[PDB]
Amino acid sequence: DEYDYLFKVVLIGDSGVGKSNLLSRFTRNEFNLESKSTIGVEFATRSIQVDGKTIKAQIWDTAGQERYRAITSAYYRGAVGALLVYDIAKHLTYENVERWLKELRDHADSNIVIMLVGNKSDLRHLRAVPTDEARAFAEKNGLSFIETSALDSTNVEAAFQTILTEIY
């Protein structure tokens, strides 16, 4: 309705890291243990205050199954921010971060803000990716970093708040 800006932010990362739940957690405060992730591409909006300004954060997610030219273009088109997500309890998903970074470099707009997100922090008892290793990688590649839990909500609001503030 009435707002100041509209920013599109896309979620990327291995399937199963919790992208659909970061989306639902942030935009509707909903979480599902048994995934209700999109079968294709999905986006939902959340209005949030940033520096007094009302921003409509339109968050995108995908199963990544469909990759024909048209859909891949539509996904990144206009995106001013990207949350590159991995699962702190699954090292493989972090090992794939390098590839997702290249993906963004090959399809995203040049001015896109990227933030590395280690999701499922509530599973720290089974941690597979040391916070320090991920943070160091984040710094060396010039991008913000934070660990979240869509499950218990820790840092979810902060994560989007941060990337949105970096874009504005």
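For every residue, the number given is its place in the sequence shown, counted from 1. Between two forms, the rigid core is the largest collection of C-alphas that superpose within 1.5 Å.
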In 4 other deposited structures of this protein, superposed on the rigid core, which stretch sits farther off in Cα RMS terms, 159-167 or 4-12? 4-12
Which of the two stretches, 30-38 versus 60-68, has its Cα atoms farther on average from this form in 4 other deposited structures of this protein when everything is superposed by the rigid core? 60-68
Quick one: say whether 69-77 or 91-99 has the higher mean Cα B-factor in the deposited entry. 69-77
If you average the CA temperature factors over each stretch, which comes out higher, 18-26 or 140-148? 140-148
Highest CA B factor of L126, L116, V129, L104, as deposited, is found at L104
Looking at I48, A134, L33, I39, which one carries the largest C-alpha B-factor according to the PDB entry? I48
Going by what the PDB entry lists, where does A108 fall on CA B-factor within its chain: lowest, middle or highest third? highest
When the deposited Cα B-factors of this chain's modelled residues are ordered and cut into thirds, is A57 in the lowest, the middle or the highest one? middle
